[PDB]
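The numbering of the sequence shown is the numbering used here, which starts it at 173 and goes up by one.
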Amino acid sequence: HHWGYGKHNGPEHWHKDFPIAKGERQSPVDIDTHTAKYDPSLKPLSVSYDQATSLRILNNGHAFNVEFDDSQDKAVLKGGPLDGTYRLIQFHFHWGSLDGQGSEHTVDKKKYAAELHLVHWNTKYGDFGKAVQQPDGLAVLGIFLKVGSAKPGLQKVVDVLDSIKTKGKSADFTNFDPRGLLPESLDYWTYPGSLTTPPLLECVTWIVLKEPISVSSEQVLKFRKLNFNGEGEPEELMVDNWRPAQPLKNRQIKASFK
Ligand SMILES: CCCCNC(=O)c1ccc(Cl)c(S(N)(=O)=O)c1
Ligand code: NA
Ligand SMILES: [Zn+2]
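So this is what it looks like as structure tokens:
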């Protein structure tokens, strides 16, 4: 009886195994755009993904992760609200059963069809597992997806999904360029929060881009053909793998713009 996204093991249950679920800096949150504070001292985000080396794509039973070689200073995020350098380790998505839901963060209560998370760890802690134990261990770049025109740089991901349909499947997945997943603008909101999945550790500086990317109906439909179950087990479509907005508590969301 492990955590997941259903009635009996979904987000409202996670606190029993992971009591930090009711902690002081949980994610995601609703971004109230009128109360976010513009901070003119915030710097442009620096996304340096030219030398990224993707390795593999994995269905972990909760989402799919595209993993990168994080053993050198390739694929780094810096600037913005961050001190120092954070290295890309993986990205994944959260999405809905329907186009009207799927994102984890919300914007003035609006839900997007999906949300991309590019996960980075602070190089001062040497590796991801030590970084998650620190309050400034991770930086996650969150990007909303709306359904409209296709995102051509997403198609390589969608096309490999058939090979990782069920929990535990993985495939070689080299030469994927995550630049093709970014919107034009790097304007962002930022706040201190947590992993949105167990173990829910309170180690993340969230950087949420204001501009969504568009993906096609066909592209998101292929995400919804994945399975939470393993091969040879009864089919449970991988949909609605998002945690709802959590209390803001004693936090301020800052804007890099307007
Ligand atoms: C036990 C791994 C379960 C799947 N969750 C993940 O792989 C995962 C890892 C790190 C982060 Cl920062 C996040 S998120 N959603 O970006 O907060 C998710
Ligand atoms: Na369409
Ligand atoms: Zn995530």
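Every residue gets a Cβ at the ideal spot worked out from N, C-alpha and C, and that includes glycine.
By a beta-carbon distance limit of 8 Å, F263 contacts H289. Their separation comes to about 6 Å. Inclusion of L358 and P216 in the CB contact set at 8 Å is warranted, their separation being smaller than that value. Distances from the CB of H266 to the heavy atoms of ligand 3 include at least one below 7 Å.
Short note on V291: C-beta closer than 7 Å to some heavy atom of ligand 1. Annotation for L393: the continuous alpha helix (DSSP H) segment containing it runs 389-395. When secondary structure is reduced to three states using DSSP, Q273 falls in the coil class, being assigned neither helix nor strand. With fewer than 16 other Cβ atoms from the protein chains shown falling within 10 Å of its own Cβ, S321 counts as exposed. Neighbourhood of ligand 2, defined by CB distance below 6 Å to any of its heavy atoms: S388, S389, in chain order. Under the DSSP assignment, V219 falls in the beta strand (DSSP E) whose first and last residues are 217-220. Relative to ligand 3, the beta carbon of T368 is positioned inside 7 Å of a heavy atom.
DSSP places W186 outside any beta strand (DSSP E); the residue lies instead in the alpha helix (DSSP H), whose first and last residues are 186-189. Rounded to the nearest whole angstrom, the CA to CA distance from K394 to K318 is 15 Å.
By the neighbour-count criterion, in which a residue is buried when 16 or more other Cβ atoms sit within 10 angstroms of its Cβ, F400 is buried. For the set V380, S388, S428, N422, the Cα lying nearest the Cα of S275 is the one of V380.
Cβ neighbours of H174 within its own chain (closer than 6 Å, five residues either side excluded): none. The secondary-structure analysis by DSSP pairs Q262 across a beta bridge with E239, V291. A Cβ-Cβ distance of about 22 Å is found for the pair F240 and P370, leaving them out of contact under the 8 Å criterion.
The continuous beta strand (DSSP E) containing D344 extends over residues 342-344.
If you look at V330, you'll find it isn't in any beta strand (DSSP E); it sits in the alpha helix (DSSP H) that goes 327-332.
A residue is called buried once 16 or more other Cβ atoms fall within 10 Å of its Cβ, and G314 is buried on that count.
Scanning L227, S335, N413, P200 for the CA closest to the CA of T346 turns up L227. The alpha-carbon of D202 is positioned some 13 Å away from that of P364. Closest by C-alpha distance to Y284, out of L367, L214, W414, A427, is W414.
Separation of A303 and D255 (C-alpha to C-alpha, rounded to the nearest whole angstrom) is 14 Å. For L310, the distance from the CB to the nearest heavy atom of ligand 1 is below 7 Å. Secondary structure of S335 (DSSP, three-state): helix. Counting C-beta pairs closer than 8 Å gives fewer than three between the segment 291-303 and the segment 383-391, which falls short of the contact rule.
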